[PDB]
Amino acid sequence: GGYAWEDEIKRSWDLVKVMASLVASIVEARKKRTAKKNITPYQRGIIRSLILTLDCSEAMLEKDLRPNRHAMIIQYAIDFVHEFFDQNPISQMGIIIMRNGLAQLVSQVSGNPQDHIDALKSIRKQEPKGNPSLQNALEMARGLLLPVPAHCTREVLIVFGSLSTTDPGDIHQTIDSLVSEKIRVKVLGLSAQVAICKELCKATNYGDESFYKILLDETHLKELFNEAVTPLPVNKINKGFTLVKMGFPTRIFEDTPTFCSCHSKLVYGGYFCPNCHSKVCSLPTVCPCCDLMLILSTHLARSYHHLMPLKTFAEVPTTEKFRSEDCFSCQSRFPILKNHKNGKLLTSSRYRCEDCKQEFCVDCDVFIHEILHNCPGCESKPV
Amino acid sequence: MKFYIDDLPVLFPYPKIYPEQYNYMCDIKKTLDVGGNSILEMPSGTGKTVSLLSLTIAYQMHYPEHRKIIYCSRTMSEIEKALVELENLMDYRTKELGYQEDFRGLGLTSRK
Amino acid sequence: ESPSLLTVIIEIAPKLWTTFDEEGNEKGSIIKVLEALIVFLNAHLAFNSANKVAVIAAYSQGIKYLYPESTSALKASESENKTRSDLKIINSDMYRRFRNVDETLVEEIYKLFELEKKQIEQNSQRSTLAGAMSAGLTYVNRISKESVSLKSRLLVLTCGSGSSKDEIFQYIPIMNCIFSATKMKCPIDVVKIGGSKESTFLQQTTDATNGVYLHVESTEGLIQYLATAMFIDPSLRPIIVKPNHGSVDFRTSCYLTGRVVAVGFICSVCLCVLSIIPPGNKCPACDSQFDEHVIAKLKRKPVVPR
Amino acid sequence: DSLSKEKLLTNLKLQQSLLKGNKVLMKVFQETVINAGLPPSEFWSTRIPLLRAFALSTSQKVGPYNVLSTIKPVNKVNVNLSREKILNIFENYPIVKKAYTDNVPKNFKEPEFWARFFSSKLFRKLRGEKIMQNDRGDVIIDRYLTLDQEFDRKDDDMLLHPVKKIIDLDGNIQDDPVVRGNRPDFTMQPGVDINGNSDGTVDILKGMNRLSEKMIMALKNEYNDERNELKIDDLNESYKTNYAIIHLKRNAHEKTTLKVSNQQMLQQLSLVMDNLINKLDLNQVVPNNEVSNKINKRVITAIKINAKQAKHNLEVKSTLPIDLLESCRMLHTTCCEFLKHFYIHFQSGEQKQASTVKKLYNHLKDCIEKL
Amino acid sequence: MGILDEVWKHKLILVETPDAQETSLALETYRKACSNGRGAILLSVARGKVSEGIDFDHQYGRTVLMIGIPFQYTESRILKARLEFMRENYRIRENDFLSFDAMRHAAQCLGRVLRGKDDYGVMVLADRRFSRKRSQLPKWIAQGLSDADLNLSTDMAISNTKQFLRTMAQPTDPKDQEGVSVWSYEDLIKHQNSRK
Amino acid sequence: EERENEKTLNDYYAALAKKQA
Ligand SMILES: [Zn+2]
Ligand SMILES: [Zn+2]
Ligand SMILES: [Zn+2]
Ligand SMILES: [Zn+2]
Ligand SMILES: [Zn+2]
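Respectively, the protein sequence lines represent chains A, B, C, D, E and F. Throughout the first sequence, residue numbering follows the UniProt record's numbering, covering 72 to 89, 95 to 459 in sequence. Here the UniProt record's numbering is used: the first residue of the second sequence is 1, the next is one more, and so on. Throughout the third sequence, residue numbering follows the UniProt record's numbering, covering 21 to 168, 171 to 328 in sequence. Throughout the fourth sequence, residue numbering follows the UniProt record's numbering, covering 167 to 240, 245 to 393, 413 to 446, 462 to 517, 536 to 593 in sequence. Here the UniProt record's numbering is used: the first residue of the fifth sequence is 557, the next is one more, and so on. Here the UniProt record's numbering is used: the first residue of the sixth sequence is 349, the next is one more, and so on.
Structural data, given as structure tokens:
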């Protein structure tokens with residue numbers, strides 16, 4: 072029954088109270109890869125039309141993300157557009173912000189990464205303000221995804237860091253319209269699980285509640301982006317199984333600059349359309365003479381790898397007799413990595429592949445599974 | 001699902017069950033077999049109404065006494081909620097048994 | 021300035037090289053290209069003090085590593101390195117940095133040739149070249165992450183000899199290597215010896231990764247080709263023009279026919295390229311049943327007045 | 167609705183506002199439709215998303231909100251009024267618009283009307299302030315107080331509807347019609363004055379509650414469930430993905446526009477092995493100074509070709543004068559537009575549009591003549 | 557003092573009304589505002605119509621703001637008669653029964669927010685006198701109340717709520733909840749065999 | 349100047365309205 076000062080000293084020096097260190101991390105590694113042991117080829121949305129909905133509000137001025145929410149989201153959206161065009165080039169991208177209660181379309185839907193990056197850096201300067209409304213943004217996305225063809229998937233991403241939406245009309249009618257228009261919605265909120273966003277992700281994505289994601293820290297946000305670049309697997313009842321007419325233009329070479337059909341500007345290079353012999357600036361773009369999706373082999377090449385997902389490399393048991401001392405794809409010596417003499421041999425770093433029975437190290441596994449998309453062991457096998 | 005507590009076939013209208021719910025059902029069946037007063041708090045969250053309704057319908061149908069069941073609530077908001085849970089439970093029992101058994105259940109309130 | 025890594029993919033196939041020997045007026049062309057490779061590696065190690073060399077061969081029954089030698093060297097009877105079993109193939113007055121690497125690689129060459137002679141009875145219908153430069157990029161990233171930086175570059179010693187045509191299984195892994203090399207900014211240099219003038223996939227590989235393609239036809243004087251053009255280090259890549267005179271169209275072959283494709287159609291599910299509408303209104307690749315309305319719209323006739 | 171393609175094509179005023187706003191598309195329409203005689207529906211069939219974006223930029227409106235809560239003064247005190255705030259006042263509060271219709275065009279101007287309203291007790295009641303008697307108010311707006319109570323009664327009448335038994339609190343108080351216990355005390359009851367009449371804070375509670383109910387019902391426009418609500422979704426089975434799985438077959442066809465045996469394989473192998481065993485003079489790679497010249501010529505010619513192509517590769539500067547360059551650029555633009563429309567009608571495969579295809583062909587021939 | 561003006565920016569404000577028809581209209585208005593993501597705050601009586609029967613499951617209740625202990629009017633003579641009779645016959649102390657009734661009204665208010673184990677929601681209690689009454693609490697409520705939260709001010713309570721709502725917004729692991737929080741038929745059969 | 353351009357545009361739209369009616 073005394074004051075706080077008249078009790079005792081804090082004893083902070085005594086507060087700190089004080095080879096099997098390998099297993100304490102590697103069992104966590106097994107637990108992390110336990111969620112990824114299931115893999116099968118899912119048919120995914122290959123020709124995509126994404127609408128990136130951006131919150132531009134007073135909630136984006138919150139001092140929880142550095143330096144504000146606004147700058148980090150706009151630069152991560154720049155990064156997202158760059159990496160997504162590097163992984164899904166044949167897609168068509170529209171960018172929209174949600175500012176001052178009206179959904180402001182900052183760039184038309186297009187296959188040009190540079191124009192969208194310019195729009196993002198233009199919005200980077202301005203100050204986020206106003207009360208965000210979801211229903212305006214979903215109605216704008218419904219409008220812009222109307223000219224999207226049946227083969228091209230209608231997809232919308234929202235980064236909604238706010239907690240309340242003030243809509244001019246009923247948002248459930250907009251949800252029903254989007255479900256009726258087969259528009260799949262993934263929402264990336266920043267603060268909490270907003271119930272209308274949860275219902276939107278459940279209804280638009282056929283009862284799936286896994287499309288509403290909330291970050292935990294700085295790195296998990298970039299995790300949300302770089303698994304948001306992936307093509308979403310389509311449902312079995314979706315029948316948009318069509319053939320798409322597109323041609324393969326050839327790179328014209330000329331020392332005389334000529335008017336391109338898209339911009340009416342003098343470009344030395346170009347790609348002559350096989351259907352009508354019209355040159356363009358960039359690929360992959362539609363031909364603005366005969367409406368032909370002009371491409372390269374590289375653009376479909378970037379999308380083959382999703383259709384052939386590599387099965388996860390299964391790490392060999394330490395007890396079984398190892399196949400070789402070095403790795404297969406980089407021939408780094410597999411570390412003996414013996415804990416102690418009594419601690420024996422643990423965490424053998426050899427990752428077997430089930431289709432070829434070839435061992436790989438940890439760096440080889442974490443290189444072959446996202447940067448490469450072939451197994452060199454599966455290819456050295458003379459089939 | 002359909003499971004057994006002692007000799008009581010319980011038609012739970014959900015594919016899963018909470019452990020607290022099943023221990024609650026064990027205690028309630030012990031109370032009914034013994035007879036007398038009992039006070040039990042079942043935490044909110046976990047399904048309370050449907051669990052009582054399931055055990056009482058299993059006890060009334062299975063046991064040869066076929067004693068009627070009295071369920072006293074505080075408002076007809078909760079009484080209507082109980083009636084809706086009972087409608088779901090009877091739909092499940094009709095689906096599992098393949099037939100609509102002889103059963104009468106109504107809520108009671110004022111003329112207004 | 022900044023050192024690099026010279027990874028080299030060698031295509032050794034007895035059928036390809038011996039058909040080159042039969043088509044050519046000489047026998048033992050691979051000895052010539054082997055010594056040309058050796059003096060190229062000496063030139064690369066003369067370029068800088070700290071640059072490194074990897075060479076990988078893709079034989080019939082798999083792939084094997086030629087330099088650096090496998091880590092099973094344990095200074096034992098099975099060491100097979102340095103003075104242990106140092107069979108005199110190259111002269112001992114060589115520069116020791118050159119001497120060790122060249123002697124090790126020629127011993128590995130002879131060992132691979134012995135192993136391939138031991139399995140001469142089985143003829144592989146599968147080519148291991150694509151997995152070979154896949155593992156080449158894998159070792160490139162190993163060196164890049166271990167050493168902090172360092173540039174890297176690939177050389178491809180391929181051979182057609184007018185016998186092996188452009189294969190269909192060599193489509194997907196080659197572009198996987200293209201995207202991987204574009205990720206680490208690794209140029210891909212390809213020289214093709216043989217009568218087959220054009221190799222389309224390798225041309226796209228050189229073009230899309232800022233590499234140089236040079237098809238060649240004579241085994242003699244190939245070090246002029248190599249050390250003239252294949253020596254563009256990544257330090258001076260943007261300031262040196264490329265002798266890649268061949269212009270590739272970046273096209274593909276059709277699936278059900280195989281010819282080079284023009285304006286045509288793809289499956290909107292399996293995304294293989296079809297020159298014509300496939301029969302049965304179903305995909306030849308993923309068996310996707312197609313809407314009759316959309317293919318009627320593609321079979322629909324353009325209109326002109328009478 | 168109004169967002170259909172046929173509504174966008176027939177909206178002439180939207181196109182008028184777009185060409186007043188746009189400049190480059192205005193010039194394209196000037197030098198394509200006006201001069202060359204292209205139909206305007208043909209021009210707008212290819213620009214449907216642009217027209218849709220221009221319409222939807224102004225068609226959307228903000229959500230309803232408590233506009234009078236945002237109104238606050240800052245002796246001299248100043249309050250800033252925007253037109254959007256005035257419109258929100260009109261929509262959210264029909265009494266203010268009702269006074270505006272018969273007050274502003276008849277007797278006194280709009281700023282005088284807004285200052286009278288801001289000095290009036292009706293603003294305090296609508297904001298939710300408990301009404302005081304010592305304030306003078308504004309008499310003109312105070313004539314609308316009784317009609318404001320009339321609007322309150324009408325809104326309370328139309329807002330009332332039978333709720334479900336899940337949330338029937340009016341049921342809850344009427345479960346026993348003849349329940350009669352001891353009465354609730356003044357803590358459980360609304361506050362009263364010294365006489366016994368109410369203090370008036372229940373009036374402001376009813377006003378703000380009616381405002382919230384109005385905001386919710388304002389969303390209801392053209393712009413068995415109890416079983417689902419009482420169902421516990423957690424005890425039900427988890428959602429199972431019904432995503433499609435494909436199997437891809439790599440049995441493609443070879444690209445279409462010498463067989464040698466193992467004996468000579470073995471002899472060639474032995475030749476290579478003993479040629480490795482005996483000696484490799486590494487100086488044999490040096491050319492005979494003759495093939496070196498030819499191969500060097502090949503390399504230099506390839507370098508010359510690649511350097512000539514890659515020497516020249536925002537648009538680049540042209541030798542043409544800017545008048546001739548602009549004329550060529552706009553002629554290229556109308557060439558591209560006419561080719562666009564001709565290929566669209568040509569590949570859309572209708573015999574009913576064959577006359578339009580013929581007209582586009584004649585326009586293309588005349589544009590060839592213009593070139 | 558203009559607090560409610562700032563509240564009007566974020567959530568629509570709903571207040572319990574003695575007219576139970578208007579109260580039910582306010583209740584359905586609140587549920588509609590919670591359903592569409594408009595955001596809403598309900599001000600109610602802890603001993604009133606909304607406190608009994610009405611459950612705020614899932615989005616209908618996310619934060620339960622308990623402003624003070626719902627004590628009855630002690631100066632009311634009927635409550636003193638209650639206390640005197642309980643003390644005379646059943647030997648129940650006056651402050652004990654007073655606190656018990658007040659916190660049992662508080663607890664019946666708290667129990668309306670959770671329906672299902674997937675449901676989440678905080679029960680914040682804003683009074684200086686809740687700190688001594690943890691031992692009286694419902695046992696499932698009491699096990700959820702930590703020692704660190706016995707006496708908090710506003711700011712670290714706000715941070716704890718923010719971290720909690722960031723936590724429960726994450727998708728849980730089914731393997732973490734496969735047989736310890738919910739049983740299937742097989743888990744129930746296995747536990748029946750273990751008990752036997 | 350675009351004033352004459354919009355004046356001729358308004359004249360063209362007035363003529364189109366006269367023709368359509
Ligand atoms: Zn252009
Ligand atoms: Zn074209
Ligand atoms: Zn490795
Ligand atoms: Zn493999
Ligand atoms: Zn297919």
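All C-beta atoms, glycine included, are put in the ideal place defined by N, C-alpha and C.
Reduced DSSP secondary structure (H/G/I, E/B, other) of residue i
i	result
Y361(F)	helix
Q182(D)	helix
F293(D)	helix
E391(A)	strand
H381(A)	helix
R175(A)	strand
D78(A)	coil
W84(A)	coil
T326(A)	strand
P333(A)	coil
Contact test: residue i Cβ vs ligand 6 heavy atom, cutoff 8 angstroms
i	result
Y347(A)	For ligand 6, the structure offers nothing, since it holds only ligand 1, ligand 2, ligand 3, ligand 4 and ligand 5.
CB contact check: residue i to chain E, cutoff 9 angstroms
i	result
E285(A)	yes
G265(A)	yes
residue 123(B)	As shown, chain B starts at 1 and ends at 112. That puts residue 123(B) outside it, with no answer to give.
residue 90(A)	In the model as presented, chain A runs from 89 straight to 95, which leaves residue 90(A) without coordinates.
Neighbour flag for residue i against chain D, beta carbons, 9 angstroms
i	result
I634(E)	yes
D674(E)	yes
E350(F)	yes
Below-9 angstroms beta-carbon distance, residue i vs any chain B residue
i	result
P347(D)	yes
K444(D)	no
Closest Cα partner of residue i within the set the options
i	options	result
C181(C)	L135(C), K35(C) and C276(C)	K35(C)
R111(B)	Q344(D), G307(D), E261(D) and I435(D)	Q344(D)
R281(C)	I298(C), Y159(C), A93(C) and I29(C)	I298(C)
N250(D)	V266(D), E261(D), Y270(D) and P281(D)	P281(D)
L296(D)	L330(D), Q359(D) and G377(D)	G377(D)
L126(A)	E231(A), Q163(A), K81(A) and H192(A)	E231(A)
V620(E)	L598(E), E631(E), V571(E) and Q748(E)	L598(E)
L178(A)	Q226(D), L217(D), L329(D) and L553(D)	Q226(D)
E383(D)	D545(D), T446(D), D322(D) and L542(D)	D322(D)
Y79(C)	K321(C), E127(C), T148(C) and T279(C)	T148(C)
Closer than 9 angstroms to chain F by CB, residue i
i	result
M192(D)	yes
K173(D)	no
Would you check if there are 3 or more beta carbon pairs closer than 8 angstroms linking the region 3-14 of chain B to the region 628-641 of chain E?
no
Any residues in the region 414-427 of chain D with a beta carbon nearer than 7 angstroms to a beta carbon of chain B? Which ones, in chain order?
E415, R416, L419, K420, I421, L424, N425 and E426
For the region 11-33 of chain B, list every residue whose C-beta sits within 8 angstroms of some C-beta in chain D, in sequence order.
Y14, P15, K16, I17 and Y18
Taking Cβ-Cβ distances below 9 angstroms as the criterion, which residues of the region 405-421 of chain A are in contact with chain C?
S405, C406, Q407, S408, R409 and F410
Where the region 585-602 of chain E meets chain A: residues whose CB sits under 8 angstroms from a CB there
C590, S591, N592, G593, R594 and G595
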